[PDB]
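Undergrad: Below: one structure in C-alpha cells.
A short reminder: the numbers here are calculations on the coordinates, not readings from a lab. In this analysis, Cβ positions are derived from the backbone assuming ideal geometry, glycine residues included, and neighbour counts consider all displayed protein chains.
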Amino acid sequence: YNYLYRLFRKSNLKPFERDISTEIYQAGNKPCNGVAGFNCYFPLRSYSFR
Amino acid sequence: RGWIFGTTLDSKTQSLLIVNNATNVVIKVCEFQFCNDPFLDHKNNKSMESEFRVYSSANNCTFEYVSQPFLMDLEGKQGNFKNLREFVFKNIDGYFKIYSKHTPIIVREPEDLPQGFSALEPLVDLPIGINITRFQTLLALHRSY
Ligand SMILES: *[C@@H]1O[C@H](CO)[C@@H](O)[C@H](O)[C@H]1NC(C)=O
Ligand SMILES: *[C@@H]1O[C@H](CO)[C@@H](O)[C@H](O)[C@H]1NC(C)=O
C-alpha cells in the first residue's frame, strides 16, 4: 500500500507537470464538503501488488 | 525582493519564492502557508538574519537551487542614479525561464519609461513542474527610520 495512483481529475495534465493534490472530486452538482458517498469520490486509489 | 507564485497561495498547493538575501537566491519549491501581508526587512532587521516571515510551514519539498544573486547591481558607488531592472517571466511545458538586463538612468522622472531598445539576455532555466495562475511581489521594510 505504498504505491498510489490517481483516477479522477477535472482536466487533462500539461506535459511534464506534477500534481500532488488530494481533494474530493465532485461528479455531481451537489457539493461534497470533503465527506460524501454519492457523486463524490476520493481522487486517489492505491495499488495492491501480490 | 520576492516573486512568489501560486495557484491559490496557501499550504494546499506548492509555491515559489525569489528571495535575495545579500549573496544568494534561495530557490525553494515547497508547500507554504503564506501570511496575509508578507514582507521583509531591508537592513537585515539587525539579526540573527531574522527577517523571513513569508511562510509559516513547509509540508514537503521537491526542488532546491542556491547560487549568486540575480541582482548584480550595487549602490555603494554613489547616488544620483537609479536602476532600471527588467525581468520577463515565462512558464511553458513545465519550465521556468528568466531573462534580465540592467541599464542606468539619467532623468530623475519616474513617470514614463525611457524610449530605447534593450535586449533581455537569458539568465537561468528551471525544471520545476508547477502550475502558476496568480502573481505576488514582496517588499523589504525594516523599520520606520
Ligand atoms: C542569507 O541567507 C542565505 C540562505 O542560506 C545564507 O546562506 C546567507 O548567509 C544569508 N546572509 C547573507 C548575507 O547572504
Ligand atoms: C502533507 O502533510 C500531511 C499531514 O497529515 C501528510 O499526511 C502528507 O503525507 C504530506 N504530504 C506529502 C506529499 O507527503
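Undergrad: Can you pull out every residue in the range B:17-31 that is away from chain A (no Cβ under 14 Å) and among the aliphatic types (A, V, I, L, M)?
TA: Listed by number, the residues that qualify are B:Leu17, B:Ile18, B:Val19, B:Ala22, B:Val25, B:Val26, B:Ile27.
Undergrad: Scan the range B:43-57 for residues that are surrounded by 12 or more Cβ atoms within 10 Å (Cβ to Cβ) and either within 14 Å of chain A (Cβ to nearest Cβ) or away from ligand 1 (no atom under 13 Å from the Cβ) (or both) and jot them down.
TA: If the condition is that a residue be surrounded by 12 or more Cβ atoms within 10 Å (Cβ to Cβ) and either within 14 Å of chain A (Cβ to nearest Cβ) or away from ligand 1 (no atom under 13 Å from the Cβ) (or both), then B:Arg53, B:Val54, B:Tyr55 are the ones that fit.
Undergrad: Right, next: Go through the residues of the range B:89-102 one by one and say whether even a single one is more than 22 Å from B:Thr13 (Cβ to Cβ) and of a type in the set (A, V, I, L, M).
TA: Within the range B:89-102, none of the residues are more than 22 Å from B:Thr13 (Cβ to Cβ) and of a type in the set (A, V, I, L, M).
Undergrad: Moving to a separate point now. Go through the range A:1-23 and give me each residue that's within 13 Å of another protein chain (Cβ to nearest Cβ) and more than 26 Å from B:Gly94 (Cβ to Cβ).
TA: If the condition is that a residue be within 13 Å of another protein chain (Cβ to nearest Cβ) and more than 26 Å from B:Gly94 (Cβ to Cβ), then no residue fits.
Undergrad: Would you point out the residue of the range B:27-42, among those that are touching a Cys at 6+ places or on another chain (Cβ under 9 Å) and within 15 Å of ligand 1 (Cβ to nearest atom), that is nearest to B:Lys101 (Cα to Cα)?
TA: For the range B:27-42, the residue satisfying everything is B:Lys28.
Undergrad: While we're looking at this one, here's another question. Looking at the range B:119-145, which of its residues are within 14 Å of chain A (Cβ to nearest Cβ) and either crowded, with 16+ Cβ neighbours inside 10 Å or among the aliphatic types (A, V, I, L, M) (or both)?
TA: Matches in the range B:119-145: B:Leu126, B:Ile128, B:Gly129, B:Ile130, B:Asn131, B:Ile132.
Undergrad: Oh, and also: Only one residue in B:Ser118, B:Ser144, B:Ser47 is in contact with a strand residue (DSSP E or B) (Cβ under 8 Å, 6 or more places away or on another chain), in a loop (DSSP other than H, G, I, E, B), of a type outside the set (D, E, K, R) and over 19 Å from B:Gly2 (Cα atoms), so which one is that?
TA: Exactly one of B:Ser118, B:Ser144, B:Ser47 is in contact with a strand residue (DSSP E or B) (Cβ under 8 Å, 6 or more places away or on another chain), in a loop (DSSP other than H, G, I, E, B), of a type outside the set (D, E, K, R) and over 19 Å from B:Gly2 (Cα atoms), namely B:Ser118.
Undergrad: So which residues in the range B:1-46 are among the hydrophobic types (A, V, I, L, M, F, W, C) and farther than 16 Å from B:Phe70 by Cβ?
TA: Hits for the range B:1-46 are B:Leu9, B:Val29, B:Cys30, B:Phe32, B:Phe34, B:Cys35, B:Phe39.
Undergrad: All but one of (1) surrounded by 11 or more Cβ atoms within 10 Å (Cβ to Cβ); (2) more than 14 Å from chain A (Cβ to nearest Cβ) hold for B:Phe63; which doesn't?
TA: Result: B:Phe63 fails condition (2) only.
Undergrad: If you scan the range B:33-42, which residues turn out to be surrounded by fewer than 18 Cβ atoms within 10 Å (Cβ to Cβ) and hydrophobic (A, V, I, L, M, F, W, C)?
TA: B:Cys35, B:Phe39
Undergrad: I'm checking my understanding of the structure. Among residues of the range B:17-32 that are crowded, with 17+ Cβ neighbours inside 10 Å and not aliphatic (A, V, I, L, M), which one is farthest from ligand 2 (Cβ to nearest atom)?
TA: Here the answer is B:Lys28.
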